[PDB]
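Engineer: Please see the structure below; I have some questions.
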Amino acid sequence: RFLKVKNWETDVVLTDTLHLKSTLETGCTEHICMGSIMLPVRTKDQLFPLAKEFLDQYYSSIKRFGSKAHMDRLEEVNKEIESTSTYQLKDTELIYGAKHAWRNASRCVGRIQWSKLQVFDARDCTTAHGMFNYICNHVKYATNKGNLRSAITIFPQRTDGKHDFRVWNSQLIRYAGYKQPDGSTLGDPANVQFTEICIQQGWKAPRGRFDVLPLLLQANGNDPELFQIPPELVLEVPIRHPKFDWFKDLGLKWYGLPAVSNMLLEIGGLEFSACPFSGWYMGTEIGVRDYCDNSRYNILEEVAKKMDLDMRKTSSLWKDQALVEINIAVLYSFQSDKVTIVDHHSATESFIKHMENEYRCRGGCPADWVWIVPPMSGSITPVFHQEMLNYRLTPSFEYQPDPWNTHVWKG
Amino acid sequence: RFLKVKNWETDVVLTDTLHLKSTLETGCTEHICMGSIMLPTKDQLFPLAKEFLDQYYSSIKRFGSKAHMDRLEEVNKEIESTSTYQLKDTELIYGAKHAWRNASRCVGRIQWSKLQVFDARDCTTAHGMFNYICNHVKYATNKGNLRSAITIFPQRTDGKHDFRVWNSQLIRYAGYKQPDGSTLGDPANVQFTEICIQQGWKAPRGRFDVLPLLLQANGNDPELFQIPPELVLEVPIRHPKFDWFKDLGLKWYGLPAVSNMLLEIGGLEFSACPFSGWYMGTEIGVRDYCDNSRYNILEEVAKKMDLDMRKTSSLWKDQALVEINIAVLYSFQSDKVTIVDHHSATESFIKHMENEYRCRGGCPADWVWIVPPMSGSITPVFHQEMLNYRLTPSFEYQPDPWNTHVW
Ligand code: HEM
Ligand code: HEM
Ligand SMILES: C[C@H](O)[C@H](O)[C@H]1CNc2nc(N)[nH]c(=O)c2N1
Ligand SMILES: C[C@H](O)[C@H](O)[C@H]1CNc2nc(N)[nH]c(=O)c2N1
Ligand SMILES: CCSCC(=N)NCCC[C@H](N)C(=O)O
Ligand SMILES: CCSCC(=N)NCCC[C@H](N)C(=O)O
Ligand SMILES: [Zn+2]
């Protein structure tokens with residue numbers, strides 16, 4: 001079968017064959033679309049086909065399909081699975097796998113970059129202190145004094161599901177949130193629950209608006225342990241506006257390195273439950289969502305107040321007006337400090353180019369429109385006008401339950 | 001089988017059961033989501049009739065009554081004998097209101113039960129169609145205090161006798177390809193404009209020429225009519241702070257009236273059923289004015305604002321976008337033509353979703369269409385999970401008539 005997608009701005013029509021290689025399920029059926037739903041211990045028997053499918057992909061990618069090296073590797077993996085119930089990836093296969101999980105991530109707009117990914121192999125790690133050291137190095141390498149480089153660090157894979165490595169933080173670097181007795185929140189409301197966990201674990205909270213959380217790290221299924229990332233390694237950007245001199249006085253800053261640490265990397269049926277990865281920000285993630293969501297820093301009022309917009313009626317578009325100024329400020333600030341960031345115009349345009357290249361060379365590009373379209377100025381970016389097809393390819397990054405819900409406390 | 005939707009801003013969770021009554025197909029499968037794709041006999045007719053009459057009779061709390069069973073009997077007899085059947089006025093009004101209610105891409109559905117239905121099933125000619133349409137336009141416009149309405153022409157018979165309005169909306173501006181290479185007016189309407197000219201229209205070849213109606217009665221060849229100018233309410237666009245905005249020469253019309261869709265009620269097909277509500281500001285100011293393949297005005301406006309257009313990261317497009325949308329809303333309000341902004345509209349739709357969940361067990365909604373094309377995440381719908389599914393009665397797309405019509 002062939003599936004066609006049209007761009008309604010350009011009339012460019014693309015043809016998708018890649019979706020035929022898709023195995024995992026979407027949530028959708030012929031009777032219901034769940035395209036806007038946020039979230040819609042293996043046997044030997046299920047493992048070998050997964051390994052085989054993966055290794056066939058790997059061996060094809062290197063133009064060695066059906067070679068002796070290919071066949072020997074299948075036999076070697078087969079025998080390893082039968083004898084030990086699992087298997088180990090060669091370094092080459094790990095790097096390929098991690099790049100492909102990124103390539104396949106349908107909610108990521110930054111995928112033009114997929115082939116430039118520094119992979120840190122942390123499969124020799126044994127302890128939470130070892131994890132902390134690996135993560136410091138990843139943060140320092142990725143930060144590169146503002147000239148950000150994409151990286152992932154891959155800790156040992158799941159075995160029986162009782163010895164999992166986990167990073168409990170949702171991102172390596174995030175700000176604390178503190179619920180007050182009067183019901184207000186100080187700092188980031190998204191991180192209140194994780195913050196309370198850190199405090200309970202013994203973190204001494206400074207209790208300010210932008211406190212970098214400690215790492216909470218679990219090795220080999222043991223109880224997690226707390227660590228402070230050295231502050232000298234946490235690059236931050238104070239936010240100011242090119243024309244509005246009062247903007248600095250809102251006291252805003254953000255961190256330069258977005259590093260997702262709570263997802264699971266699946267490669268050839270193996271599960272890497274601790275695999276923090278980082279790239280660089282698109283300006284809207286900070287200036288739209290982190291600053292202006294009602295459930296986040298929620299600064300729209302204070303900003304529109306200082307701009308003296310008419311706030312008595314929504315139809316003056318004061319919220320829209322303040323939103324644009326905040327986003328200009330974020331981009332201006334990062335650029336002024338030489339910290340990598342991309343605007344939503346540049347990012348979405350590159351993604352369209354990436355997407356077309358992918359159709360031509362690969363037979364498709366799975367893409368989740370709901371996530372790809374930026375949360376401001378949707379239709380003046382080219383992605384709004386682009387039909388997309390969403391389906392799940394492996395290797396992949398997956399959600400996993402938060403570890404405080406599943407962890408068996410050893411005490 | 002029972003499905004949950006969460007709002008990620010408020011943590012409110014709703015349970016959808018209505019989807020189990022879903023009849024038509026989405027385009028998606030377990031392997032592939034097509035959520036962002038724009039367009040994804042006697043034997044057939046009786047189940048469809050029954051299903052509809054059952055829901056109608058349930059809705060007036062008379063399910064399984066002798067009057068329910070009698071009507072099912074009557075319609076059955078009529079199908080078996082005439083191969084089709086005729087809706088009672090009550091069923092027609094109910095079907096039309098529910099087609100709107102079921103419209104998953106419509107953010108304005110809080111209004112669904114306040115719809116004026118104009119029964120034009122007695123219409124026989126294109127002149128009759130024109131009369132019906134002018135009356136709809138005048139009624140709905142109501143000197144700027146807009147009222148929702150639908151006008152329903154005779155249903156499909158053997159399909160060689162279709163009523164159709166050839167226009168995509170009752171009121172739209174012409175588009176002209178120029179020797180220059182550029183496009184004058186609205187590029188969305190270039191082809192339909194050519195069809196009008198080919199059928200006889202004298203185009204004034206301007207930027208904002210209201211198109212004529214091209215009306216097809218009884219499967220006949222369609223005919224042209226100019227809507228009396230005095231019934232087409234238009235709004236000049238000015239900005240409350242930028243005195244220069246008016247020099248751009250922009251206007252839009254007050255009445256959004258989709259005329260190219262098909263209303264399906266109880267298996268009956270109404271191929272000509274123009275309907276109208278009122279505008280959400282972004283439809284005009286974001287899409288009609290700023291789409292690259294539409295009036296595409298961002299460059300011009302930005303120049304007037306003296307913005308640095310050297311680099312995308314100055315957000316000059318975004319700044320000008322807001323201003324254009326401020327001007328649209330201000331101009332409609334100053335002239336007292338009903339308009340809703342995207343904040344107020346999406347807020348209402350969230351309240352409507354809650355009502356529908358509470359009173360009906362759900363609300364089919366297409367997030368891709370419901371979230372406004374500017375400022376998405378500062379409107380509450382962005383944060384609201386939605387389940388999309390197809391209920392009947394429905395509004396459906398249908399092939400453009402010129403691709404099908406035999407002269
Ligand atoms: C290099 C520059 C990159 C840019 C500009 C970028 C951009 C983005 C953005 C804007 C999102 C949505 C974020 C949100 O709304 O929370 C996203 C999601 C995602 N990205 Fe990227 N990204 C980059 C690098 C990477 C890398 C290096 C990886 C992995 C190797 C990756 C994998 C993903 C995944 C798995 C998601 C979905 C996350 C989720 O569902 O929460 N991205 N990306
Ligand atoms: C009363 C005020 C109304 C508002 C504010 C409103 C709002 C909207 C908006 C913003 C859209 C998306 C349009 C687009 O992006 O092109 C839409 C689509 C739609 N509306 Fe409404 N609407 C209203 C009345 C109605 C009425 C009266 C009906 C039927 C009787 C209706 C049925 C539909 C349908 C079927 C669509 C999808 C059309 C398509 O797919 O192109 N709406 N509406
Ligand atoms: C309900 C809805 O799917 C949810 O708010 C999504 C919408 N699109 C998104 N897109 C991105 N990039 N990130 C998000 O967190 C979300 N949230
Ligand atoms: C490809 C994509 O589905 C297309 O651009 C859609 C997106 N959302 C939309 N939403 C509305 N309300 N109207 C539209 O025309 C569109 N276009
Ligand atoms: C880590 C791989 S993807 C890189 C990225 N650009 N986004 C990460 C998500 C960050 C979140 N939206 C925030 O605003 O902090
Ligand atoms: C007619 C029922 S829905 C009413 C509406 N608000 N929009 C209809 C579509 C109009 C189109 N987006 C335009 O910008 O002309
Ligand atoms: Zn779907």
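Chain labels run A, B, ... following the order of the structure tokens; each chain numbers its residues from 1, and ligands are numbered from 1 in the order shown.
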Give one line per residue of chain A that approaches ligand 5 to at most 10 Å, naming the two atoms of the closest pair and their distance in Å to one decimal, counting only C-alpha atoms and all ligand atoms; sort by chain then ascending residue number and deliver it as CSV.

Structural biologist:
residue,atom,partner,partner_atom_place_in_ligand_line,distance
A:102,CA,ligand 5,2 (C),8.6
A:105,CA,ligand 5,3 (S),9.7
A:107,CA,ligand 5,3 (S),9.2
A:108,CA,ligand 5,3 (S),6.6
A:109,CA,ligand 5,6 (N),8.2
A:110,CA,ligand 5,6 (N),7.2
A:111,CA,ligand 5,3 (S),9.3
A:150,CA,ligand 5,2 (C),8.3
A:151,CA,ligand 5,1 (C),8.9
A:152,CA,ligand 5,1 (C),8.9
A:170,CA,ligand 5,9 (C),9.7
A:171,CA,ligand 5,15 (O),7.7
A:172,CA,ligand 5,1 (C),9.5
A:173,CA,ligand 5,15 (O),8.7
A:174,CA,ligand 5,15 (O),7.5
A:175,CA,ligand 5,15 (O),9.7
A:254,CA,ligand 5,15 (O),9.1
A:255,CA,ligand 5,15 (O),8.6
A:256,CA,ligand 5,15 (O),9.4
A:257,CA,ligand 5,4 (C),8.3
A:258,CA,ligand 5,8 (C),5.0
A:259,CA,ligand 5,1 (C),4.2
A:260,CA,ligand 5,1 (C),4.4
A:261,CA,ligand 5,1 (C),7.8
A:263,CA,ligand 5,1 (C),9.9
A:276,CA,ligand 5,1 (C),7.8
A:277,CA,ligand 5,1 (C),5.2
A:278,CA,ligand 5,1 (C),3.9
A:279,CA,ligand 5,4 (C),4.6
A:280,CA,ligand 5,6 (N),5.0
A:281,CA,ligand 5,6 (N),4.0
A:282,CA,ligand 5,6 (N),5.5
A:283,CA,ligand 5,6 (N),8.7
A:284,CA,ligand 5,14 (O),7.9
A:285,CA,ligand 5,14 (O),4.1
A:286,CA,ligand 5,14 (O),5.0
A:287,CA,ligand 5,14 (O),8.6
A:288,CA,ligand 5,14 (O),8.8
A:289,CA,ligand 5,14 (O),6.6
A:290,CA,ligand 5,14 (O),5.6
A:291,CA,ligand 5,14 (O),9.0
A:341,CA,ligand 5,6 (N),8.7
A:342,CA,ligand 5,6 (N),9.0

Engineer: How close does chain B get to ligand 7? List, as CSV, each residue of chain B within 12 Å, its nearest atom pair and the distance in Å to one decimal, counting only C-alpha atoms and all ligand atoms.

Structural biologist:
residue,atom,partner,partner_atom_place_in_ligand_line,distance
B:25,CA,ligand 7,1 (Zn),10.8
B:26,CA,ligand 7,1 (Zn),7.4
B:27,CA,ligand 7,1 (Zn),7.4
B:28,CA,ligand 7,1 (Zn),4.7
B:29,CA,ligand 7,1 (Zn),7.1
B:30,CA,ligand 7,1 (Zn),8.4
B:31,CA,ligand 7,1 (Zn),9.4
B:32,CA,ligand 7,1 (Zn),6.9
B:33,CA,ligand 7,1 (Zn),3.6
B:34,CA,ligand 7,1 (Zn),5.1
B:35,CA,ligand 7,1 (Zn),4.5
B:36,CA,ligand 7,1 (Zn),8.1
B:37,CA,ligand 7,1 (Zn),9.6
B:40,CA,ligand 7,1 (Zn),10.5
B:366,CA,ligand 7,1 (Zn),10.0
B:367,CA,ligand 7,1 (Zn),10.9
B:368,CA,ligand 7,1 (Zn),10.9
B:386,CA,ligand 7,1 (Zn),11.1
B:387,CA,ligand 7,1 (Zn),9.2
B:388,CA,ligand 7,1 (Zn),8.0
B:389,CA,ligand 7,1 (Zn),9.6

Engineer: Mind giving me the straight-line distance from CA of residue 224 in chain B to CA of residue 196 in chain B in Å, one decimal?

Structural biologist: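 Pair CA of residue 224 in chain B / CA of residue 196 in chain B returns 7.6 Å.
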
Engineer: Would you give me, as an MDAnalysis selection string, the residues in range 90-225 of chain A that DSSP reads as alpha helix (DSSP H)?

Structural biologist: chainID A and resid 91:103 128:143 192:200

Engineer: Restricted to N, CA and C atoms, what would the selected residues look like written as a compact mmCIF listing (two decimals), in the first residue's frame?

Structural biologist:
# COMPACT_ATOMS: atom_id res chain seq x y z
N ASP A 91 28.69 -2.00 20.41
CA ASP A 91 28.66 -0.53 20.54
C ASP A 91 28.08 0.10 19.30
N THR A 92 28.44 -0.44 18.14
CA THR A 92 27.95 0.03 16.85
C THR A 92 26.42 0.00 16.81
N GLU A 93 25.83 -1.08 17.33
CA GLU A 93 24.39 -1.33 17.31
C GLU A 93 23.65 -0.42 18.28
N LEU A 94 24.28 -0.15 19.42
CA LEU A 94 23.79 0.81 20.39
C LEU A 94 23.71 2.22 19.81
N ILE A 95 24.76 2.65 19.10
CA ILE A 95 24.82 4.00 18.54
C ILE A 95 23.75 4.11 17.46
N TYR A 96 23.74 3.17 16.51
CA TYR A 96 22.72 3.11 15.50
C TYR A 96 21.34 3.14 16.12
N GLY A 97 21.12 2.32 17.16
CA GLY A 97 19.77 2.19 17.78
C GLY A 97 19.29 3.51 18.37
N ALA A 98 20.18 4.19 19.09
CA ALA A 98 19.85 5.43 19.78
C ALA A 98 19.57 6.57 18.76
N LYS A 99 20.39 6.66 17.71
CA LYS A 99 20.09 7.56 16.60
C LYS A 99 18.72 7.26 15.99
N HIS A 100 18.38 5.97 15.85
CA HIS A 100 17.12 5.63 15.18
C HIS A 100 15.91 5.88 16.03
N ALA A 101 16.04 5.72 17.35
CA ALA A 101 14.95 6.07 18.25
C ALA A 101 14.61 7.57 18.11
N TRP A 102 15.65 8.39 18.00
CA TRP A 102 15.45 9.81 17.78
C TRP A 102 14.80 10.06 16.41
N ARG A 103 15.40 9.51 15.36
CA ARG A 103 14.83 9.58 14.00
C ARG A 103 13.36 9.23 13.96
N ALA A 128 24.71 4.52 41.96
CA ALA A 128 24.12 5.86 41.81
C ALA A 128 25.19 6.93 41.72
N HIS A 129 26.24 6.80 42.52
CA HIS A 129 27.41 7.67 42.39
C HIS A 129 28.04 7.55 40.99
N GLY A 130 28.08 6.34 40.42
CA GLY A 130 28.57 6.17 39.04
C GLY A 130 27.65 6.90 38.07
N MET A 131 26.34 6.81 38.31
CA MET A 131 25.37 7.50 37.45
C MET A 131 25.59 9.01 37.51
N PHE A 132 25.76 9.53 38.73
CA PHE A 132 25.99 10.96 38.91
C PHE A 132 27.21 11.44 38.11
N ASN A 133 28.29 10.66 38.16
CA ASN A 133 29.47 11.04 37.42
C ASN A 133 29.23 11.07 35.90
N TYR A 134 28.56 10.04 35.39
CA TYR A 134 28.19 9.98 33.97
C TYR A 134 27.34 11.20 33.55
N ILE A 135 26.40 11.58 34.40
CA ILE A 135 25.47 12.65 34.09
C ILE A 135 26.15 14.03 34.14
N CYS A 136 27.05 14.21 35.08
CA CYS A 136 27.83 15.44 35.09
C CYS A 136 28.60 15.59 33.79
N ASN A 137 29.21 14.50 33.32
CA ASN A 137 30.01 14.56 32.10
C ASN A 137 29.15 14.84 30.87
N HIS A 138 27.95 14.28 30.85
CA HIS A 138 27.01 14.48 29.76
C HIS A 138 26.60 15.96 29.74
N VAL A 139 26.27 16.50 30.91
CA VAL A 139 25.87 17.89 31.03
C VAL A 139 26.99 18.84 30.58
N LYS A 140 28.21 18.56 30.99
CA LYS A 140 29.31 19.41 30.63
C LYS A 140 29.58 19.31 29.10
N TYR A 141 29.65 18.07 28.58
CA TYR A 141 29.83 17.88 27.13
C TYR A 141 28.71 18.57 26.33
N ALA A 142 27.46 18.31 26.70
CA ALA A 142 26.30 18.83 25.94
C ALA A 142 26.21 20.35 25.97
N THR A 143 26.53 20.92 27.13
CA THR A 143 26.50 22.37 27.32
C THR A 143 27.57 23.04 26.46
N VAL A 192 6.29 20.28 41.68
CA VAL A 192 5.92 20.19 43.11
C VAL A 192 6.08 18.78 43.71
N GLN A 193 5.48 17.78 43.06
CA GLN A 193 5.50 16.42 43.61
C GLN A 193 6.91 15.84 43.69
N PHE A 194 7.68 15.95 42.60
CA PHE A 194 9.05 15.50 42.62
C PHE A 194 9.90 16.25 43.70
N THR A 195 9.72 17.57 43.79
CA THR A 195 10.34 18.40 44.85
C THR A 195 10.08 17.86 46.26
N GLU A 196 8.83 17.51 46.56
CA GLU A 196 8.45 16.97 47.90
C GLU A 196 9.17 15.67 48.13
N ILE A 197 9.36 14.89 47.07
CA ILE A 197 10.10 13.64 47.20
C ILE A 197 11.55 13.92 47.59
N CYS A 198 12.18 14.89 46.92
CA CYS A 198 13.58 15.27 47.18
C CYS A 198 13.76 15.71 48.62
N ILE A 199 12.84 16.57 49.08
CA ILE A 199 12.86 17.08 50.44
C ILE A 199 12.73 15.92 51.44
N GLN A 200 11.75 15.05 51.21
CA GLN A 200 11.58 13.87 52.03
C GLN A 200 12.84 12.99 52.06

Engineer: When you draw a straight line from CA of residue 13 in chain B to CA of residue 189 in chain A, how long is it in Å?

Structural biologist: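 One can read the CA of residue 13 in chain B to CA of residue 189 in chain A distance as 19.4 Å.
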
Engineer: Could you list, with a cut-off of 6 Å and counting only C-alpha atoms, the residues of chain A near chain B, each shown with its nearest atom pair and the distance in Å rounded to one decimal, rows sorted by chain and ascending number, as JSON lines?

Structural biologist:
{"residue": "A:9", "atom": "CA", "partner": "B:293", "partner_atom": "CA", "distance": 5.9}
{"residue": "A:25", "atom": "CA", "partner": "B:30", "partner_atom": "CA", "distance": 5.1}
{"residue": "A:26", "atom": "CA", "partner": "B:30", "partner_atom": "CA", "distance": 5.2}
{"residue": "A:28", "atom": "CA", "partner": "B:30", "partner_atom": "CA", "distance": 5.3}
{"residue": "A:29", "atom": "CA", "partner": "B:29", "partner_atom": "CA", "distance": 4.5}
{"residue": "A:30", "atom": "CA", "partner": "B:29", "partner_atom": "CA", "distance": 5.2}
{"residue": "A:31", "atom": "CA", "partner": "B:25", "partner_atom": "CA", "distance": 5.1}
{"residue": "A:32", "atom": "CA", "partner": "B:389", "partner_atom": "CA", "distance": 5.0}
{"residue": "A:33", "atom": "CA", "partner": "B:388", "partner_atom": "CA", "distance": 5.1}
{"residue": "A:34", "atom": "CA", "partner": "B:387", "partner_atom": "CA", "distance": 5.7}
{"residue": "A:35", "atom": "CA", "partner": "B:35", "partner_atom": "CA", "distance": 5.8}
{"residue": "A:36", "atom": "CA", "partner": "B:385", "partner_atom": "CA", "distance": 5.6}
{"residue": "A:37", "atom": "CA", "partner": "B:385", "partner_atom": "CA", "distance": 5.4}
{"residue": "A:295", "atom": "CA", "partner": "B:9", "partner_atom": "CA", "distance": 5.8}
{"residue": "A:315", "atom": "CA", "partner": "B:341", "partner_atom": "CA", "distance": 5.7}
{"residue": "A:343", "atom": "CA", "partner": "B:313", "partner_atom": "CA", "distance": 5.6}
{"residue": "A:375", "atom": "CA", "partner": "B:376", "partner_atom": "CA", "distance": 4.8}
{"residue": "A:376", "atom": "CA", "partner": "B:375", "partner_atom": "CA", "distance": 4.0}
{"residue": "A:377", "atom": "CA", "partner": "B:374", "partner_atom": "CA", "distance": 4.2}
{"residue": "A:378", "atom": "CA", "partner": "B:373", "partner_atom": "CA", "distance": 4.9}
{"residue": "A:379", "atom": "CA", "partner": "B:373", "partner_atom": "CA", "distance": 5.1}
{"residue": "A:387", "atom": "CA", "partner": "B:37", "partner_atom": "CA", "distance": 5.3}
{"residue": "A:388", "atom": "CA", "partner": "B:36", "partner_atom": "CA", "distance": 5.9}
{"residue": "A:389", "atom": "CA", "partner": "B:34", "partner_atom": "CA", "distance": 5.6}
{"residue": "A:390", "atom": "CA", "partner": "B:33", "partner_atom": "CA", "distance": 5.1}
{"residue": "A:391", "atom": "CA", "partner": "B:32", "partner_atom": "CA", "distance": 4.9}

Engineer: Can you write out the residues you just picked, keeping N, CA, C and O atoms, as a tab-separated table (two decimals), in the first residue's frame?

Structural biologist:
chain	number	residue	atom	x	y	z
A	9	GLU	N	-0.56	24.37	1.62
A	9	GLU	CA	0.02	25.64	1.23
A	9	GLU	C	0.70	25.53	-0.16
A	9	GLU	O	0.56	26.42	-0.98
A	25	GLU	N	1.15	-0.24	18.21
A	25	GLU	CA	-0.20	0.29	17.99
A	25	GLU	C	-0.31	1.77	18.34
A	25	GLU	O	0.48	2.27	19.12
A	26	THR	N	-1.30	2.47	17.77
A	26	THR	CA	-1.45	3.93	17.96
A	26	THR	C	-2.39	4.38	19.09
A	26	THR	O	-2.22	5.47	19.66
A	28	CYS	N	-5.56	4.61	18.14
A	28	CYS	CA	-6.69	4.89	17.25
A	28	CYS	C	-7.32	3.59	16.73
A	28	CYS	O	-6.68	2.56	16.71
A	29	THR	N	-8.58	3.65	16.33
A	29	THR	CA	-9.22	2.56	15.57
A	29	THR	C	-9.98	3.16	14.38
A	29	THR	O	-10.00	4.38	14.20
A	30	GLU	N	-10.63	2.32	13.59
A	30	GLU	CA	-11.40	2.81	12.45
A	30	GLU	C	-12.60	3.63	12.93
A	30	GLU	O	-13.23	4.35	12.14
A	31	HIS	N	-12.88	3.55	14.23
A	31	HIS	CA	-14.07	4.20	14.81
A	31	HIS	C	-13.77	5.39	15.74
A	31	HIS	O	-14.66	6.17	16.07
A	32	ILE	N	-12.50	5.52	16.12
A	32	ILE	CA	-12.07	6.58	17.04
A	32	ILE	C	-10.63	7.06	16.84
A	32	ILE	O	-9.72	6.25	16.71
A	33	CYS	N	-10.43	8.38	16.79
A	33	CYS	CA	-9.08	8.90	16.70
A	33	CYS	C	-8.69	9.44	18.06
A	33	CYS	O	-9.41	10.24	18.66
A	34	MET	N	-7.55	8.96	18.55
A	34	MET	CA	-7.01	9.38	19.84
A	34	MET	C	-5.74	10.20	19.64
A	34	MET	O	-4.87	10.29	20.54
A	35	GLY	N	-5.68	10.82	18.46
A	35	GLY	CA	-4.51	11.63	18.08
A	35	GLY	C	-4.20	12.76	19.04
A	35	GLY	O	-3.07	13.23	19.07
A	36	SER	N	-5.17	13.22	19.84
A	36	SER	CA	-4.84	14.27	20.85
A	36	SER	C	-4.67	13.78	22.31
A	36	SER	O	-4.50	14.60	23.22
A	37	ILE	N	-4.73	12.46	22.53
A	37	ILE	CA	-4.51	11.88	23.86
A	37	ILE	C	-3.01	11.90	24.17
A	37	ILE	O	-2.21	11.45	23.36
A	295	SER	N	-0.77	26.65	34.39
A	295	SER	CA	-0.25	25.68	35.37
A	295	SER	C	1.26	25.72	35.56
A	295	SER	O	1.81	24.83	36.19
A	315	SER	N	-10.77	40.47	24.00
A	315	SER	CA	-10.77	40.80	22.58
A	315	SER	C	-9.81	41.92	22.17
A	315	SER	O	-9.63	42.19	20.98
A	343	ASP	N	14.30	29.47	16.88
A	343	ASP	CA	12.94	29.99	16.87
A	343	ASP	C	12.02	29.00	16.16
A	343	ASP	O	12.48	28.11	15.42
A	375	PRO	N	3.02	26.11	19.86
A	375	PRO	CA	1.87	26.49	20.69
A	375	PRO	C	1.56	27.99	20.62
A	375	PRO	O	0.67	28.48	21.31
A	376	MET	N	2.30	28.70	19.77
A	376	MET	CA	1.87	30.03	19.34
A	376	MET	C	2.02	30.13	17.81
A	376	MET	O	2.80	29.38	17.21
A	377	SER	N	1.24	31.03	17.20
A	377	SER	CA	1.36	31.35	15.78
A	377	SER	C	1.30	30.11	14.88
A	377	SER	O	1.99	30.06	13.85
A	378	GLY	N	0.48	29.13	15.26
A	378	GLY	CA	0.42	27.87	14.53
A	378	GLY	C	0.49	28.01	13.01
A	378	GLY	O	1.43	27.53	12.37
A	379	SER	N	-0.50	28.67	12.42
A	379	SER	CA	-0.66	28.60	10.95
A	379	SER	C	0.31	29.46	10.10
A	379	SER	O	0.33	29.33	8.88
A	387	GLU	N	-0.03	17.92	6.07
A	387	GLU	CA	-0.57	16.64	6.51
A	387	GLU	C	0.58	15.72	6.94
A	387	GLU	O	1.65	15.71	6.32
A	388	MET	N	0.33	14.97	8.01
A	388	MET	CA	1.30	14.07	8.59
A	388	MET	C	0.64	12.75	8.92
A	388	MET	O	-0.58	12.67	9.06
A	389	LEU	N	1.45	11.72	9.05
A	389	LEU	CA	0.97	10.41	9.39
A	389	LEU	C	1.75	10.02	10.60
A	389	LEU	O	2.99	10.22	10.66
A	390	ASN	N	1.04	9.51	11.60
A	390	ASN	CA	1.69	9.15	12.83
A	390	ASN	C	1.57	7.66	13.02
A	390	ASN	O	0.48	7.09	12.91
A	391	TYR	N	2.72	7.03	13.26
A	391	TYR	CA	2.80	5.60	13.48
A	391	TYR	C	4.09	5.34	14.23
A	391	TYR	O	4.97	6.22	14.33

Engineer: Can you tell me which residues come within 6 Å of ligand 6 when counting only C-alpha atoms and all ligand atoms, ideally as a PyMOL selection string?

Structural biologist: chain B and resi 256-258+275-280+283-284+288

Engineer: List as an NGL selection string the protein and nucleic acid residues lying within 8 Å of ligand 2, with only C-alpha atoms and all ligand atoms counted.

Structural biologist: :B and (96-97 or 99-100 or 103-109 or 111-112 or 115 or 147-150 or 258 or 261 or 275-280 or 282-283 or 339-340 or 345 or 369-370 or 372 or 394-397)

Engineer: Of the residues B:188, B:133, B:53, B:140, which is the one nearest to ligand 4, using only C-alpha atoms and all ligand atoms?

Structural biologist: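 Result for the nearest residue to ligand 4: B:188.
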
Engineer: Calculated over only C-alpha atoms, which of the candidates B:101, B:50, B:304, B:156 has the smallest distance to residue 121 in chain B?

Structural biologist: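 Using only C-alpha atoms, the shortest distance to residue 121 in chain B belongs to B:156.
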
Engineer: I'd like the contact shell of range 56-63 of chain A - 12 Å cut-off, only C-alpha atoms, skipping same-chain residues fewer than 3 positions apart - returned as a VMD selection string.

Structural biologist: chain A and resid 21 48 to 53 66 to 74 89 to 90 92 to 100 267 to 268 362 393 to 395

Engineer: Let's have the selection written as a short mmCIF file (atom, residue, chain, number, x, y, z; two decimals), in the first residue's frame, with C-alpha atoms.

Structural biologist:
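Result written to part-v3.cif:
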data_model
loop_
_atom_site.label_atom_id
_atom_site.label_comp_id
_atom_site.auth_asym_id
_atom_site.auth_seq_id
_atom_site.Cartn_x
_atom_site.Cartn_y
_atom_site.Cartn_z
CA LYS A 21 7.19 -1.39 8.65
CA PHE A 48 14.44 -13.21 19.30
CA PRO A 49 12.07 -11.77 16.61
CA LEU A 50 12.66 -8.29 18.07
CA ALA A 51 16.43 -8.80 18.04
CA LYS A 52 16.24 -10.23 14.49
CA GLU A 53 14.12 -7.38 13.10
CA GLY A 66 22.71 -11.38 4.40
CA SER A 67 26.47 -11.24 4.78
CA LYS A 68 28.41 -13.78 6.82
CA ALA A 69 28.91 -11.05 9.46
CA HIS A 70 25.15 -10.56 9.50
CA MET A 71 24.35 -14.28 9.80
CA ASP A 72 27.04 -14.90 12.46
CA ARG A 73 25.65 -12.00 14.52
CA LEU A 74 22.09 -13.48 14.35
CA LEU A 89 24.34 -4.87 21.95
CA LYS A 90 27.66 -4.21 20.22
CA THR A 92 27.95 0.03 16.85
CA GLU A 93 24.39 -1.33 17.31
CA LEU A 94 23.79 0.81 20.39
CA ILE A 95 24.82 4.00 18.54
CA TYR A 96 22.72 3.11 15.50
CA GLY A 97 19.77 2.19 17.78
CA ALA A 98 19.85 5.43 19.78
CA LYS A 99 20.09 7.56 16.60
CA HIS A 100 17.12 5.63 15.18
CA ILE A 267 16.34 -1.23 20.95
CA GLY A 268 15.98 -4.76 19.48
CA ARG A 362 13.33 6.45 3.60
CA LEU A 393 8.65 2.56 14.50
CA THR A 394 11.38 0.85 16.63
CA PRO A 395 13.97 1.66 17.96
#
